[PDB]
């Protein structure tokens, strides 16, 4: 669906920026930079779960040229990248579910598992 590679790059970048902003606000609440607010937290978790469904589509074959932080490795090992992306989506969905209840230990664990998705994928598939 992308007319040029730049548009696929822009799409996936835009989605991850949105993900980072919303995910970071949950982080702030759990790290103690701001008080935990259950209502805002659940909006952020819902946002991350919905946004997680977006960027995969932008990783079109060979779009490692130009203004992208995606590595060529993505398309060398695309099944592994896809496995990570699916796990991330599933993690984000579990965080959204956890945010609908009061149990803080369950939220905190769900958040950690989702955060590990980010780091694990970036380590292998994103420029430093």
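Numbering follows the first chain given and starts at 1.
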According to the deposited model, is the average Cα temperature factor higher in 99-107 or in 52-60?
99-107
Where do the C-alpha atoms have the higher mean temperature factor in this entry, in 29-37 or in 80-88?
29-37
Lowest, middle or highest third: where is residue 44 by Cα B-factor in its chain?
lowest
Ranked by Cα temperature factor within the chain, is residue 113 in the lowest third, the middle third or the highest third?
highest
